[PDB]
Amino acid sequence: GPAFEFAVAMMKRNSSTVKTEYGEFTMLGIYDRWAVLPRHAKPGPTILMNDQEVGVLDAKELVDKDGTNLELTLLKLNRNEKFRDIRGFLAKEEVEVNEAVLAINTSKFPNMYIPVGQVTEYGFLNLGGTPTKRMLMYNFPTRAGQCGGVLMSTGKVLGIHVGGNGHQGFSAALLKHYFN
């Protein structure tokens, strides 16, 4: 109950639906005008956010100290509204939880919440052909269209859904240090 209550308020206040030329994704605003999308959404100079064209002022594909993919792209958006600052909900290091909720907000999956069970630090995973670290794994028949989904537990935003192999789903951990 508490994790779903947390997730609902979090999506209401900080999530949106984004369409790029590579698909439709759930997007999570972090603070000010900075939001995150899975890297493979490959946002261009403009994205459709909630059906409307929003310019992207800056985009950064996150990588670790070795240059290894983290599968996250941080975007600075050209719009007046500031996102509610959720950085205090982001851990300093990968969080393993016994119960997590995956929240999706797309045209196809508007306001949907999925209890995915145990989340474990999976680590390295060759995703869509690329070595990727800091993956959090959960055992759910996950699909595309869930990409960008927000993985949460009570009072914690754990990561963003970036992939799956038809049986397990994986989220890029959303670490505090990525946003200062």
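Heads up: residue numbers just count along the shown sequence, starting at 1. The term rigid core refers to the most C-alpha atoms you can superpose between the two forms while keeping them within 1.5 Å.
Larger average C-alpha displacement in 8 other deposited structures of this protein, relative to the shown form after a rigid core fit, is seen for 163-171 when comparing 6-14 with 163-171. If you average the C-alpha B-factors over 62-70 and over 136-144, the higher value belongs to 136-144. With 24-32 and 51-59 compared on mean CA B-factor from the PDB entry, the stretch scoring higher is 51-59.
Out of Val119, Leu127, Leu151, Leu37, it is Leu127 whose C-alpha atom has the highest B-factor in the PDB entry. Per the PDB record, residue ranking by Cα B-factor puts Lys108 in the highest third of the chain. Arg87: CA B factor in the lowest third of modelled residues in this chain (values from the PDB entry).
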